[PDB]
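J.: One structure is given below, represented as structure tokens, and several questions about it will come after.
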Amino acid sequence: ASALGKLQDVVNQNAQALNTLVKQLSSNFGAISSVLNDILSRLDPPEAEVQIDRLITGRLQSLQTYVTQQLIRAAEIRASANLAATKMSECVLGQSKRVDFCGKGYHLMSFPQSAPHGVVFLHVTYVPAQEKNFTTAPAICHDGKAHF
Amino acid sequence: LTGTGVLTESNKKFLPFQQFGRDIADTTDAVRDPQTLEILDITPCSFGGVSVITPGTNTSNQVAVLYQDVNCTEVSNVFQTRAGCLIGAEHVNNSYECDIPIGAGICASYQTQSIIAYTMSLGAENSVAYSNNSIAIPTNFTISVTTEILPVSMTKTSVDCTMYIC
Amino acid sequence: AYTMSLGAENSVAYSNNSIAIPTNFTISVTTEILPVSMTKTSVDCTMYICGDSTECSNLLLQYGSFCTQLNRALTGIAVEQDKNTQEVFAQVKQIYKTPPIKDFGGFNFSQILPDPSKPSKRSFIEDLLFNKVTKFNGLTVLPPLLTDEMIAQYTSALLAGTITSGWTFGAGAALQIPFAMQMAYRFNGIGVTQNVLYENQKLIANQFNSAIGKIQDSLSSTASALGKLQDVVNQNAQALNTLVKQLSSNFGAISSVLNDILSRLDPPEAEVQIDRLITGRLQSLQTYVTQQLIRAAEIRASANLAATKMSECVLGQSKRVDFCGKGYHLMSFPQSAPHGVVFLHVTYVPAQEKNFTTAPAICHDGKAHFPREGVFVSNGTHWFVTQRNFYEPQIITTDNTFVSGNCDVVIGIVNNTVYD
Amino acid sequence: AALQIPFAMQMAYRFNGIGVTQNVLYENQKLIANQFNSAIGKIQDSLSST
Amino acid sequence: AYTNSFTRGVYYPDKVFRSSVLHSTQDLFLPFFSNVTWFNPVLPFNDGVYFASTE
Ligand SMILES: *[C@@H]1O[C@H](CO)[C@@H](O)[C@H](O)[C@H]1NC(C)=O
Ligand SMILES: *[C@@H]1O[C@H](CO)[C@@H](O)[C@H](O)[C@H]1NC(C)=O
Ligand SMILES: *[C@@H]1O[C@H](CO)[C@@H](O)[C@H](O)[C@H]1NC(C)=O
Ligand SMILES: *[C@@H]1O[C@H](CO)[C@@H](O)[C@H](O)[C@H]1NC(C)=O
Ligand SMILES: *[C@@H]1O[C@H](CO)[C@@H](O)[C@H](O)[C@H]1NC(C)=O
Ligand SMILES: *[C@@H]1O[C@H](CO)[C@@H](O)[C@H](O)[C@H]1NC(C)=O
Ligand SMILES: *[C@@H]1O[C@H](CO)[C@@H](O)[C@H](O)[C@H]1NC(C)=O
Ligand SMILES: *[C@@H]1O[C@H](CO)[C@@H](O)[C@H](O)[C@H]1NC(C)=O
Ligand SMILES: *[C@@H]1O[C@H](CO)[C@@H](O)[C@H](O)[C@H]1NC(C)=O
């Protein structure tokens, strides 16, 4: 079950960010209470504006942090998706001579399969086996001529 | 001037009109005793983070504790590495593939019954029999299929600012 | 003050029936330096903001869970740096070793291969690179998982593998090959026959050794080679220094030190100053974390590029036009660096051009003859066949030309005879 | 360096790159030139209009 | 008479100890290469005076 490490990692990161935001909804931020309705019910507007402003400042800062982290994560995912598109184009729709772009060995073909929030490539590769020692020579001398 | 730290004799040459002393980042690291005019050096007490090395809950219940950037002089088996002092893991002269990377090329693992700390092995020691007139040529092939998994998109979530704040 | 010059004003003497073909080559070795990882640093939020005051900590709990997020981000950055280094360097299955005999067909690899007398497996050029580069309040610098000794060992393994087995070890097992035949194959890759190497082996070896000497001289003399690594180090040091200096700004409070605030005022009147300091320090820490995240993204992109370059230039020969050096790629060699990797790109560049008169085809008995491989050239009276990347003229023959069509459609077909 | 070459032989080499023999170009030089000019015209029209 | 101040008139500003540190401070200093009068009249003491005398 450890094959889909990256997809699970992405899902966990997004869930962690959302859970952190929801939990940040419940920190006093210095105000009398972490709930807005009780602040409005217990105090007059002149004396409630201070607590409302404290809560507003805290919640706005938390939202800004969430948005910035999401932007950076989106940049990383966009880079990954660009790589995936390039791999699809140059390995599924053709045969790549790049040394280790698609699997280890000499590329033959690749097959795409879908995934929850990704794509998996099955890289079929020709790898030589069963070596054998031999004695070689750069050329052959025949009638004084060099044969390559 | 109030602080917490360890005081030691200092070689700093204060001029006869200087009482304090500021290191980089504007921190007070030297002070003059107001009764003996002694030049004392102030340095912060030892501190650092602790780390727990676990082989898994359902595999075992024993752990090793690493005190990062702390000499062993400050508080089963203690073994000194390049990143802090280790406690609860024995040292082995063998080399294995890295399982739980501690740092500075030192890993830890669960092997027979106990936690062991070793220096990780990069790999085998294959030496190709290179000669100026001999080559090796394959006689058979074993085509192989591998996988590569790449995420492409996230969940489309939009959060309302006004309803979130108010 | 002037208007900068883009370059020279070379105008190629293009003509519809004349081509230029090189008659000699000057193989060249260049370098390309790519940073791969940063320093693993983790900053404690609580000790940075408060240090040891329990009142400050209790005030900090009221702000939520910012410190946990910052610590999580820094931990992620450190793990990312370790992964970057591992991906760039840990690409070899077995630690290969160069045979004790150095009969590499006239090529001298002593400058790049490890030396037992030198520290660990660090080579001469690696030593030059490593010499060329020129506690606190909750701050810790974590040590990398892969020490410089292990990175140098990985680099030496790669060098031994590519010298001995060529590009074979990057796909399957290590199939040995003499270096001369390997270079013959690599010439065949760039469209030049192997007899060109086999007849100029000594000259090519001398050129390669001279290029290596020039590289070592330029690395030892000039200190501006490692611009990117020094830039990264300076950026990280600047960020840390800015954070430490931000520890000492009033932020509006009575004083920039927490202990005096606690000692001079009662908690009801000290909470305001403590909160001002907490707000300022938290904002500074958040700024530092965001900048570090962006820098980590940039370094990760650089490390991905470095890993791709290693895979496709050290473990093989790339046909990409300018991926690895300028010219036609032959091979590359990796060397370690403090926080990066340098590639020595050996490249075949043609030289000593020569004007010639060409023709698309040859008319013989009404037939149209096209060259099987190469191009038709003439020295003024006779017509020959030569490969496009060298001047090795041959007598036109039916064994190196193929016939297709007549002499009525091709434009520029000239009179000539073909010997069979 | 800049080694000159007539454009027809250059296109012959480029056809040889994609696995098509050079006689294919040399026997259809006029048709290929007409197609290329028409394509350039279509590009300029699509850029000017849309 | 007049003379250039050269680089004369720098003093310890805060009586704290600093070693191997470049410190930037703002204080009442005598500017470099200023015009210093060369000589017992009445002198308009203005927020600090650099008085230098020879043998
Ligand atoms: C080839 O010969 C070398 C020694 O000459 C030996 O070490 C190696 O194992 C041999 N390999 C095979 C496949 O026979
Ligand atoms: C322990 O956990 C692992 C993974 O969580 C699982 O594969 C294994 O079967 C578990 N063993 C037992 C005895 O539950
Ligand atoms: C750790 O403490 C011991 C005892 O004080 C000392 O001998 C040793 O040198 C210390 N470690 C280091 C790295 O200095
Ligand atoms: C392991 O190495 C240490 C350090 O040299 C040595 O004291 C110890 O006897 C060794 N143990 C074994 C089992 O080789
Ligand atoms: C390689 O060059 C070094 C110095 O450039 C020289 O000392 C060494 O002898 C050379 N190698 C051989 C095999 O001669
Ligand atoms: C080739 O001829 C052109 C003019 O026809 C001249 O400008 C150029 O310098 C010549 N190049 C060589 C290498 O002779
Ligand atoms: C061209 O080469 C032929 C080789 O048979 C030679 O006889 C002839 O003199 C050469 N022409 C010139 C102008 O060098
Ligand atoms: C090259 O151009 C000249 C004059 O411009 C012309 O006479 C000749 O036929 C042309 N040759 C080819 C092959 O186009
Ligand atoms: C030689 O070429 C000329 C074209 O200038 C033309 O007469 C014919 O193609 C050839 N002559 C023959 C075949 O007698």
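By convention in this document, the chains of the structure tokens carry letters A, B, ... by their order, each chain's residues are numbered from 1, and ligands are numbered from 1 in the order they are shown.
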For stretch 43-53 of chain C, work out the shell of residues within 8 Å, counting only C-alpha atoms and skipping chain neighbours fewer than 2 positions away, then give it as a list in words.
T.: residues 41, 55, 56, 57, 67, 70, 71, 74, 137, 138, 139, 140, 258, 259, 277, 278, 281, 282 and 285 of chain C
J.: Within 7 Å of chain E, which residues belong to chain B? Use only C-alpha atoms and report them as a ChimeraX atom specification.
T.: /B:14,17-23
J.: Show which residues sit within 8 Å of residue B:71, as number ranges by chain. Count only C-alpha atoms, and ignore same-chain residues fewer than 3 positions away.
T.: B: 74, 80, 84-85
J.: Would you output that residue set with N, CA and C atoms, as a PDB file, in the first residue's frame?
T.:
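Contents of the output file result30.pdb:
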```
ATOM      1  N   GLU B  74      25.639  16.424  29.733  1.00  0.00           N
ATOM      2  CA  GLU B  74      24.335  16.786  30.265  1.00  0.00           C
ATOM      3  C   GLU B  74      23.358  15.644  30.021  1.00  0.00           C
ATOM      4  N   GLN B  80      27.741   8.590  21.374  1.00  0.00           N
ATOM      5  CA  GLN B  80      27.913   9.949  20.878  1.00  0.00           C
ATOM      6  C   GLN B  80      28.059   9.935  19.363  1.00  0.00           C
ATOM      7  N   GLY B  84      24.352  15.556  18.309  1.00  0.00           N
ATOM      8  CA  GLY B  84      23.841  15.321  19.676  1.00  0.00           C
ATOM      9  C   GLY B  84      24.204  13.968  20.266  1.00  0.00           C
ATOM     10  N   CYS B  85      23.646  13.651  21.441  1.00  0.00           N
ATOM     11  CA  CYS B  85      23.944  12.371  22.140  1.00  0.00           C
ATOM     12  C   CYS B  85      22.752  11.420  21.977  1.00  0.00           C
TER      13      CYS B  85
END
```
J.: Kindly compile the residues surrounding ligand 6 within 10 Å, counting only C-alpha atoms and all ligand atoms, and format them as a PDB file with N, CA, C and O atoms, in the first residue's frame.
T.:
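What landed in pocket.pdb:
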```
ATOM      1  N   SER C  11      28.983  38.187 -41.346  1.00  0.00           N
ATOM      2  CA  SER C  11      28.013  37.934 -42.408  1.00  0.00           C
ATOM      3  C   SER C  11      28.467  36.689 -43.161  1.00  0.00           C
ATOM      4  O   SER C  11      29.492  36.704 -43.846  1.00  0.00           O
ATOM      5  N   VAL C  12      27.701  35.607 -43.027  1.00  0.00           N
ATOM      6  CA  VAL C  12      28.043  34.358 -43.694  1.00  0.00           C
ATOM      7  C   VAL C  12      27.898  34.523 -45.202  1.00  0.00           C
ATOM      8  O   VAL C  12      26.931  35.121 -45.695  1.00  0.00           O
ATOM      9  N   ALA C  13      28.877  34.005 -45.946  1.00  0.00           N
ATOM     10  CA  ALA C  13      28.904  34.136 -47.402  1.00  0.00           C
ATOM     11  C   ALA C  13      28.051  33.029 -48.011  1.00  0.00           C
ATOM     12  O   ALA C  13      28.539  32.096 -48.651  1.00  0.00           O
ATOM     13  N   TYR C  14      26.742  33.147 -47.803  1.00  0.00           N
ATOM     14  CA  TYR C  14      25.816  32.146 -48.307  1.00  0.00           C
ATOM     15  C   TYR C  14      25.711  32.218 -49.824  1.00  0.00           C
ATOM     16  O   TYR C  14      25.564  33.296 -50.406  1.00  0.00           O
ATOM     17  N   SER C  15      25.792  31.055 -50.462  1.00  0.00           N
ATOM     18  CA  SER C  15      25.606  30.926 -51.898  1.00  0.00           C
ATOM     19  C   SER C  15      24.807  29.659 -52.159  1.00  0.00           C
ATOM     20  O   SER C  15      24.842  28.715 -51.367  1.00  0.00           O
ATOM     21  N   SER C  18      27.512  26.597 -52.871  1.00  0.00           N
ATOM     22  CA  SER C  18      28.765  26.453 -52.143  1.00  0.00           C
ATOM     23  C   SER C  18      28.490  26.128 -50.684  1.00  0.00           C
ATOM     24  O   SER C  18      27.589  26.705 -50.068  1.00  0.00           O
ATOM     25  N   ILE C  19      29.272  25.198 -50.134  1.00  0.00           N
ATOM     26  CA  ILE C  19      29.186  24.814 -48.732  1.00  0.00           C
ATOM     27  C   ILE C  19      30.586  24.804 -48.137  1.00  0.00           C
ATOM     28  O   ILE C  19      31.589  24.729 -48.844  1.00  0.00           O
ATOM     29  N   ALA C  20      30.638  24.877 -46.809  1.00  0.00           N
ATOM     30  CA  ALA C  20      31.886  24.843 -46.060  1.00  0.00           C
ATOM     31  C   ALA C  20      31.892  23.606 -45.179  1.00  0.00           C
ATOM     32  O   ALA C  20      30.898  23.317 -44.505  1.00  0.00           O
ATOM     33  N   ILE C  21      33.002  22.877 -45.188  1.00  0.00           N
ATOM     34  CA  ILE C  21      33.114  21.631 -44.434  1.00  0.00           C
ATOM     35  C   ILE C  21      34.373  21.677 -43.577  1.00  0.00           C
ATOM     36  O   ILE C  21      35.451  22.016 -44.083  1.00  0.00           O
ATOM     37  N   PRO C  22      34.286  21.358 -42.288  1.00  0.00           N
ATOM     38  CA  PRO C  22      35.477  21.406 -41.434  1.00  0.00           C
ATOM     39  C   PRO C  22      36.508  20.365 -41.833  1.00  0.00           C
ATOM     40  O   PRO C  22      36.184  19.296 -42.351  1.00  0.00           O
ATOM     41  N   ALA C 351      36.454  22.651 -36.525  1.00  0.00           N
ATOM     42  CA  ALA C 351      37.285  23.819 -36.775  1.00  0.00           C
ATOM     43  C   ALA C 351      37.863  23.722 -38.181  1.00  0.00           C
ATOM     44  O   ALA C 351      37.716  22.707 -38.865  1.00  0.00           O
ATOM     45  N   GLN C 352      38.515  24.803 -38.613  1.00  0.00           N
ATOM     46  CA  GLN C 352      39.259  24.851 -39.873  1.00  0.00           C
ATOM     47  C   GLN C 352      38.357  24.490 -41.059  1.00  0.00           C
ATOM     48  O   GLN C 352      38.540  23.480 -41.739  1.00  0.00           O
ATOM     49  N   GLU C 353      37.368  25.350 -41.280  1.00  0.00           N
ATOM     50  CA  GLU C 353      36.448  25.164 -42.388  1.00  0.00           C
ATOM     51  C   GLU C 353      37.177  25.308 -43.722  1.00  0.00           C
ATOM     52  O   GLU C 353      38.329  25.742 -43.792  1.00  0.00           O
ATOM     53  N   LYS C 354      36.485  24.930 -44.795  1.00  0.00           N
ATOM     54  CA  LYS C 354      37.053  25.002 -46.134  1.00  0.00           C
ATOM     55  C   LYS C 354      35.931  25.156 -47.148  1.00  0.00           C
ATOM     56  O   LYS C 354      34.971  24.381 -47.132  1.00  0.00           O
ATOM     57  N   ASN C 355      36.059  26.148 -48.023  1.00  0.00           N
ATOM     58  CA  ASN C 355      35.056  26.378 -49.054  1.00  0.00           C
ATOM     59  C   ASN C 355      35.042  25.236 -50.061  1.00  0.00           C
ATOM     60  O   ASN C 355      36.080  24.666 -50.404  1.00  0.00           O
ATOM     61  N   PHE C 356      33.845  24.908 -50.543  1.00  0.00           N
ATOM     62  CA  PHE C 356      33.681  23.865 -51.544  1.00  0.00           C
ATOM     63  C   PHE C 356      32.456  24.174 -52.387  1.00  0.00           C
ATOM     64  O   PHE C 356      31.586  24.953 -51.992  1.00  0.00           O
TER      65      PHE C 356
ATOM     66  N   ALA D   2      30.073  29.336 -38.405  1.00  0.00           N
ATOM     67  CA  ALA D   2      28.952  29.375 -39.336  1.00  0.00           C
ATOM     68  C   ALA D   2      29.397  28.763 -40.659  1.00  0.00           C
ATOM     69  O   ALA D   2      30.033  29.432 -41.480  1.00  0.00           O
ATOM     70  N   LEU D   3      29.064  27.492 -40.863  1.00  0.00           N
ATOM     71  CA  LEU D   3      29.382  26.781 -42.094  1.00  0.00           C
ATOM     72  C   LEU D   3      28.185  26.901 -43.028  1.00  0.00           C
ATOM     73  O   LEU D   3      27.114  26.355 -42.748  1.00  0.00           O
ATOM     74  N   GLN D   4      28.369  27.613 -44.135  1.00  0.00           N
ATOM     75  CA  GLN D   4      27.267  27.891 -45.044  1.00  0.00           C
ATOM     76  C   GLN D   4      26.782  26.618 -45.725  1.00  0.00           C
ATOM     77  O   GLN D   4      27.525  25.648 -45.886  1.00  0.00           O
TER      78      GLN D   4
END
```
J.: What residues in stretch 104-180 of chain C get the DSSP label alpha helix (DSSP H)? Please answer as a ChimeraX atom specification.
T.: /C:124-132,148-165,179-180
J.: Could you tell me how far atom CA of residue C:385 sits from atom 1 (C, counted along the ligand's line) of ligand 7, in Å to one decimal place?
T.: 12.5 Å
J.: For chain A, work out the contacting residues on chain B at 10 Å, counting only C-alpha atoms, and write them as JSON, numbers by chain.
T.: {"B": [131, 132, 133, 134, 135, 136, 137, 138, 139, 140, 141, 142, 143, 144, 145, 146, 147, 148, 149, 150, 151, 152, 153, 154, 155, 157, 159, 160, 161, 162, 164, 165, 166]}
J.: Please run DSSP on the backbone and report, as a PDB file with C-alpha atoms, in the first residue's frame, all residues within stretch 32-130 of chain B that come out as strand (DSSP E).
T.:
```pdb
ATOM      1  CA  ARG B  32      31.793  43.685  34.771  1.00  0.00           C
ATOM      2  CA  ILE B  39      35.510  40.928  33.484  1.00  0.00           C
ATOM      3  CA  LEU B  40      33.034  38.045  33.236  1.00  0.00           C
ATOM      4  CA  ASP B  41      31.858  36.239  30.103  1.00  0.00           C
ATOM      5  CA  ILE B  42      28.170  35.356  29.730  1.00  0.00           C
ATOM      6  CA  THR B  43      27.109  32.477  27.489  1.00  0.00           C
ATOM      7  CA  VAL B  50      14.900  16.136  21.415  1.00  0.00           C
ATOM      8  CA  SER B  51      13.897  13.507  18.874  1.00  0.00           C
ATOM      9  CA  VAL B  52      12.288  10.091  19.311  1.00  0.00           C
ATOM     10  CA  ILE B  53      13.255   7.213  17.012  1.00  0.00           C
ATOM     11  CA  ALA B  64      15.662   5.759  21.296  1.00  0.00           C
ATOM     12  CA  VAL B  65      16.005   9.412  22.290  1.00  0.00           C
ATOM     13  CA  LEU B  66      18.365  11.826  20.530  1.00  0.00           C
ATOM     14  CA  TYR B  67      19.383  15.091  22.213  1.00  0.00           C
ATOM     15  CA  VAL B  78      24.631   6.191  25.464  1.00  0.00           C
ATOM     16  CA  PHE B  79      26.494   6.667  22.177  1.00  0.00           C
ATOM     17  CA  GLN B  80      27.913   9.949  20.878  1.00  0.00           C
ATOM     18  CA  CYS B  85      23.944  12.371  22.140  1.00  0.00           C
ATOM     19  CA  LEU B  86      21.919   9.130  21.594  1.00  0.00           C
ATOM     20  CA  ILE B  87      20.278   7.018  24.331  1.00  0.00           C
ATOM     21  CA  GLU B  90      23.516   0.288  20.704  1.00  0.00           C
ATOM     22  CA  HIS B  91      26.347   0.876  18.240  1.00  0.00           C
ATOM     23  CA  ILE B 100      15.740   5.656   9.777  1.00  0.00           C
ATOM     24  CA  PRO B 101      18.154   8.492   8.909  1.00  0.00           C
ATOM     25  CA  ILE B 102      19.487  10.212  12.019  1.00  0.00           C
ATOM     26  CA  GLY B 103      22.088  12.477  10.435  1.00  0.00           C
ATOM     27  CA  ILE B 106      24.325   7.647  10.636  1.00  0.00           C
ATOM     28  CA  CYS B 107      21.069   5.681  10.551  1.00  0.00           C
ATOM     29  CA  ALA B 108      19.073   3.527  12.961  1.00  0.00           C
ATOM     30  CA  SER B 109      17.009   0.374  12.526  1.00  0.00           C
ATOM     31  CA  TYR B 110      15.272  -2.476  14.354  1.00  0.00           C
ATOM     32  CA  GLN B 111      17.232  -5.728  14.072  1.00  0.00           C
ATOM     33  CA  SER B 114      16.762  -4.048  19.751  1.00  0.00           C
ATOM     34  CA  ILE B 115      17.511  -0.681  18.161  1.00  0.00           C
ATOM     35  CA  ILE B 116      20.934  -0.379  16.514  1.00  0.00           C
ATOM     36  CA  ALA B 117      22.765   2.710  15.251  1.00  0.00           C
ATOM     37  CA  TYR B 118      25.277   2.278  12.427  1.00  0.00           C
ATOM     38  CA  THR B 119      26.931   4.073   9.517  1.00  0.00           C
TER      39      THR B 119
END
```
J.: So what do you get for atom CA of residue C:184 versus atom CA of residue C:152, distance-wise?
T.: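 Rounded to one decimal, the two atoms are 29.1 Å apart.
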J.: Output the contact residues of chain D with respect to chain C at a cut-off of 8 Å, based on only C-alpha atoms, as a PDB file with N, CA, C and O atoms, in the first residue's frame.
T.:
```pdb
ATOM      1  N   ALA D   1      31.577  27.240 -35.827  1.00  0.00           N
ATOM      2  CA  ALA D   1      31.527  28.389 -36.714  1.00  0.00           C
ATOM      3  C   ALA D   1      30.327  28.275 -37.648  1.00  0.00           C
ATOM      4  O   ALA D   1      29.635  27.255 -37.695  1.00  0.00           O
ATOM      5  N   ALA D   2      30.073  29.336 -38.405  1.00  0.00           N
ATOM      6  CA  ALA D   2      28.952  29.375 -39.336  1.00  0.00           C
ATOM      7  C   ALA D   2      29.397  28.763 -40.659  1.00  0.00           C
ATOM      8  O   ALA D   2      30.033  29.432 -41.480  1.00  0.00           O
ATOM      9  N   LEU D   3      29.064  27.492 -40.863  1.00  0.00           N
ATOM     10  CA  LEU D   3      29.382  26.781 -42.094  1.00  0.00           C
ATOM     11  C   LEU D   3      28.185  26.901 -43.028  1.00  0.00           C
ATOM     12  O   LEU D   3      27.114  26.355 -42.748  1.00  0.00           O
ATOM     13  N   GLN D   4      28.369  27.613 -44.135  1.00  0.00           N
ATOM     14  CA  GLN D   4      27.267  27.891 -45.044  1.00  0.00           C
ATOM     15  C   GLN D   4      26.782  26.618 -45.725  1.00  0.00           C
ATOM     16  O   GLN D   4      27.525  25.648 -45.886  1.00  0.00           O
ATOM     17  N   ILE D   5      25.514  26.632 -46.119  1.00  0.00           N
ATOM     18  CA  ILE D   5      24.886  25.512 -46.815  1.00  0.00           C
ATOM     19  C   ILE D   5      23.693  26.054 -47.593  1.00  0.00           C
ATOM     20  O   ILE D   5      22.947  26.896 -47.075  1.00  0.00           O
ATOM     21  N   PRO D   6      23.500  25.654 -48.850  1.00  0.00           N
ATOM     22  CA  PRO D   6      22.275  26.038 -49.558  1.00  0.00           C
ATOM     23  C   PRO D   6      21.049  25.471 -48.862  1.00  0.00           C
ATOM     24  O   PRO D   6      21.082  24.382 -48.287  1.00  0.00           O
ATOM     25  N   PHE D   7      19.954  26.230 -48.921  1.00  0.00           N
ATOM     26  CA  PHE D   7      18.778  25.888 -48.131  1.00  0.00           C
ATOM     27  C   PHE D   7      18.173  24.558 -48.567  1.00  0.00           C
ATOM     28  O   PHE D   7      17.610  23.829 -47.745  1.00  0.00           O
ATOM     29  N   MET D   9      19.763  21.808 -49.655  1.00  0.00           N
ATOM     30  CA  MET D   9      20.489  20.709 -49.025  1.00  0.00           C
ATOM     31  C   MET D   9      20.243  20.672 -47.522  1.00  0.00           C
ATOM     32  O   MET D   9      20.219  19.594 -46.916  1.00  0.00           O
ATOM     33  N   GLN D  22      16.184  12.081 -48.930  1.00  0.00           N
ATOM     34  CA  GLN D  22      16.316  13.429 -49.471  1.00  0.00           C
ATOM     35  C   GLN D  22      15.751  13.571 -50.877  1.00  0.00           C
ATOM     36  O   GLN D  22      15.409  14.690 -51.282  1.00  0.00           O
ATOM     37  N   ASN D  23      15.648  12.476 -51.632  1.00  0.00           N
ATOM     38  CA  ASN D  23      15.052  12.567 -52.961  1.00  0.00           C
ATOM     39  C   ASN D  23      13.596  12.996 -52.885  1.00  0.00           C
ATOM     40  O   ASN D  23      13.076  13.593 -53.833  1.00  0.00           O
ATOM     41  N   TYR D  26      13.987  16.671 -52.949  1.00  0.00           N
ATOM     42  CA  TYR D  26      14.556  17.152 -54.202  1.00  0.00           C
ATOM     43  C   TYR D  26      13.599  17.004 -55.375  1.00  0.00           C
ATOM     44  O   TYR D  26      13.710  17.757 -56.346  1.00  0.00           O
ATOM     45  N   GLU D  27      12.662  16.061 -55.304  1.00  0.00           N
ATOM     46  CA  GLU D  27      11.665  15.887 -56.349  1.00  0.00           C
ATOM     47  C   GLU D  27      10.388  16.672 -56.095  1.00  0.00           C
ATOM     48  O   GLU D  27       9.576  16.825 -57.012  1.00  0.00           O
TER      49      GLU D  27
END
```
J.: Check which residues fall inside 12 Å of ligand 2 when counting only C-alpha atoms and all ligand atoms, and print them as a list in words.
T.: residues 1 and 2 of chain A; 55, 56, 57, 58, 59 and 60 of chain B
J.: Give as a ChimeraX atom specification the residues surrounding ligand 4 up to a distance of 10 Å, considering only C-alpha atoms and all ligand atoms.
T.: /B:91-94
J.: Can you write out the residues you just picked, keeping C-alpha atoms, as a PDB file, in the first residue's frame?
T.:
```
ATOM      1  CA  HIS B  91      26.347   0.876  18.240  1.00  0.00           C
ATOM      2  CA  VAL B  92      27.272  -1.744  15.633  1.00  0.00           C
ATOM      3  CA  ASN B  93      30.345  -1.860  13.406  1.00  0.00           C
ATOM      4  CA  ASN B  94      28.284  -3.431  10.612  1.00  0.00           C
TER       5      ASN B  94
END
```
J.: Give as number ranges by chain every residue of chain C that touches chain B within 6 Å, counting only C-alpha atoms.
T.: C: 94-97, 143-147, 164, 175-178, 244-245
J.: Kindly export the residues of the current selection with N, CA and C atoms, as a compact mmCIF listing (two decimals), in the first residue's frame.
T.:
```txt
# COMPACT_ATOMS: atom_id res chain seq x y z
N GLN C 94 25.85 0.16 -7.59
CA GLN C 94 27.02 -0.41 -6.93
C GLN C 94 28.16 0.59 -6.98
N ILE C 95 28.97 0.62 -5.92
CA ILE C 95 30.11 1.54 -5.84
C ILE C 95 31.23 0.95 -6.70
N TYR C 96 31.32 1.40 -7.95
CA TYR C 96 32.35 0.92 -8.85
C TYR C 96 33.71 1.46 -8.43
N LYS C 97 34.76 0.84 -8.96
CA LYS C 97 36.13 1.22 -8.63
C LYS C 97 37.00 1.11 -9.87
N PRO C 143 22.73 18.82 10.60
CA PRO C 143 23.75 18.28 9.71
C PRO C 143 23.12 17.45 8.60
N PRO C 144 23.66 17.51 7.39
CA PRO C 144 23.09 16.73 6.29
C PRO C 144 23.26 15.24 6.51
N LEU C 145 22.31 14.47 5.98
CA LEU C 145 22.36 13.02 6.12
C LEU C 145 23.54 12.43 5.36
N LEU C 146 23.83 12.95 4.18
CA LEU C 146 24.94 12.48 3.36
C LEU C 146 26.13 13.41 3.58
N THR C 147 27.17 12.90 4.24
CA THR C 147 28.37 13.68 4.47
C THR C 147 29.11 13.90 3.15
N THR C 164 34.94 3.03 -17.21
CA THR C 164 35.14 1.62 -17.52
C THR C 164 34.09 1.10 -18.49
N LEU C 175 29.04 -3.49 -18.36
CA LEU C 175 29.71 -4.20 -19.45
C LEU C 175 30.96 -3.42 -19.82
N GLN C 176 32.12 -4.01 -19.56
CA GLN C 176 33.39 -3.32 -19.77
C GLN C 176 33.63 -3.06 -21.25
N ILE C 177 34.41 -2.02 -21.52
CA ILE C 177 34.78 -1.64 -22.89
C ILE C 177 36.07 -0.82 -22.81
N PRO C 178 37.05 -1.07 -23.67
CA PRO C 178 38.22 -0.20 -23.72
C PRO C 178 37.82 1.22 -24.11
N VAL C 244 18.05 37.64 13.42
CA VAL C 244 18.72 37.91 14.70
C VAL C 244 18.68 39.39 15.02
N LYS C 245 18.86 40.26 14.02
CA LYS C 245 18.79 41.70 14.27
C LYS C 245 17.36 42.14 14.57
```
J.: Using only C-alpha atoms and all ligand atoms, find each residue with an atom at most 8 Å away from ligand 7 and format the answer as a PyMOL selection string.
T.: chain C and resi 378-383
J.: Please extract the residues at most 8 Å from ligand 9, counting only C-alpha atoms and all ligand atoms, and provide them as a ChimeraX atom specification, using the chain letters and residue numbers of this document.
T.: /C:363-366,407-408,413-416
J.: Neighbours of residue A:20 within 10 Å (only C-alpha atoms; same-chain residues fewer than 3 positions away dropped), as a list in words?
T.: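 Contacts, in chain order: residues 14, 15, 16, 17, 23, 24, 25, 62 and 66 of chain A; 64, 65, 66, 68 and 69 of chain C.
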J.: Please produce a file of the residues just selected, as a short mmCIF file (atom, residue, chain, number, x, y, z; two decimals), in the first residue's frame, where the atoms kept are C-alpha atoms.
T.:
```
data_model
loop_
_atom_site.label_atom_id
_atom_site.label_comp_id
_atom_site.auth_asym_id
_atom_site.auth_seq_id
_atom_site.Cartn_x
_atom_site.Cartn_y
_atom_site.Cartn_z
CA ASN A 14 -4.36 19.88 1.96
CA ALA A 15 -6.38 18.31 4.79
CA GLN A 16 -3.86 19.57 7.35
CA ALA A 17 -4.11 23.12 6.01
CA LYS A 23 -9.01 25.20 14.43
CA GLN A 24 -7.66 28.76 14.11
CA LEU A 25 -11.30 29.86 14.10
CA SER A 62 -4.59 33.19 9.59
CA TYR A 66 -3.39 29.84 4.42
CA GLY C 64 -3.40 30.00 18.22
CA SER C 65 -1.12 27.53 16.45
CA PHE C 66 1.25 29.65 14.36
CA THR C 68 3.45 24.64 15.00
CA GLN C 69 2.90 25.65 11.37
#
```
